[PDB]
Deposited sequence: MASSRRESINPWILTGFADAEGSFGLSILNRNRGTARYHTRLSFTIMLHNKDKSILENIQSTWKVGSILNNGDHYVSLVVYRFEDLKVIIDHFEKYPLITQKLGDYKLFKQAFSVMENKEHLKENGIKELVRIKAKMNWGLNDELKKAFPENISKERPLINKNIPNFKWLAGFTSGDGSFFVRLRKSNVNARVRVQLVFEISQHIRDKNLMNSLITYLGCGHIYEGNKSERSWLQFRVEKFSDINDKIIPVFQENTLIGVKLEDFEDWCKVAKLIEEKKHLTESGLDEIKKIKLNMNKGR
């Protein structure tokens, strides 16, 4: 097939679903492997097939019977990833993992990792990447095992980025309690609270719910007023369209919202049509 993704839409999807990896396994020879991975359900397998088509790089492998992932692992292959994220930077705290990813690329590019000092520099880089060093790798190289990293406070660059972030970690659904209510919600780890609260001002609507800050690792940005949803959330994603099955979930979302606008959610066939839309909305296509 043939497809191409907007560069800013892709960065937003990377901020939500991407992952930068640096594995150092024993072979004192060491297996060092840089990677960038986006693993998704098979329902969204065409995104990864399309992102591979945009970057013209990467491999697609099966992960189980229901999941698929795009993994970029070759050295020359990783050059296109950095060139994309140098001009379209990541916004969430994952950008720090990319920064350490870029440093690791340069060390391997200069062939420094083939010596003892080069491996020591990368295990120090890996210490700050994602979940840090494992217990076995922390047995050696206890010099700089500090897993903490400078936090990343950044603002939303554009709505094209938001479409890719929403396509990842967002959700469009409809509640029936009978009464009809459309709800838009984005969840995220508490580490990007300042970025999540940016959406209140960036969108002019929505609320932030956290619960007990202790013993809960993630907050929620949610908008429930229909006026804010029909006027300030749906047009902004019609101009900057989403990707993956989230688009079709969003498509049927506005189809239901059009019925609520015409006040047609009182007829028996209106809710019967609304219920049929929901029956294949998120559990289905």
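Not built in the structure, per the record, are deposited positions 1-4, 32-35, 186-192.
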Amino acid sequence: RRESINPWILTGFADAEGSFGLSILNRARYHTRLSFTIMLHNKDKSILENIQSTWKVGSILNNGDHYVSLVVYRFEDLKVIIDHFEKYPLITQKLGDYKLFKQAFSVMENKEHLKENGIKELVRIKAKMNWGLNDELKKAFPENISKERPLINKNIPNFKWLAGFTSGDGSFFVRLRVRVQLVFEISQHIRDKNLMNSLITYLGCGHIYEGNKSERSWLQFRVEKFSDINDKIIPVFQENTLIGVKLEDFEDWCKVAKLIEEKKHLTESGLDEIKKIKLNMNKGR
From here on, numbers count along this sequence of modelled residues.
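Of the two segments, 187-195 and 146-154, the one listed with the higher mean B-factor is 146-154 (C-alpha atoms only). Mean CA temperature factor is higher for 201-209 when stretches 126-134 and 201-209 are set side by side in the entry. Going by the entry's values, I277 shows the largest Cα B-factor out of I277, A14, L22, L25. The entry lists C-alpha B-factors for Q103, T166, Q93, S214, and the highest of these is at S214. In the deposited entry, the Cα temperature factor of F141 places it in the highest third of its chain's modelled residues.
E109 sits in the middle third of its chain by CA B factor, as recorded in the PDB entry.
Residue-level temperature factors show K115 in the highest third of its chain, judged at the C-alpha atom. The entry lists a Cα temperature factor for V178 that places it in the highest third of the chain's modelled residues. Remark: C254 belongs to the middle third of its chain, ranked by C-alpha B-factor as recorded.
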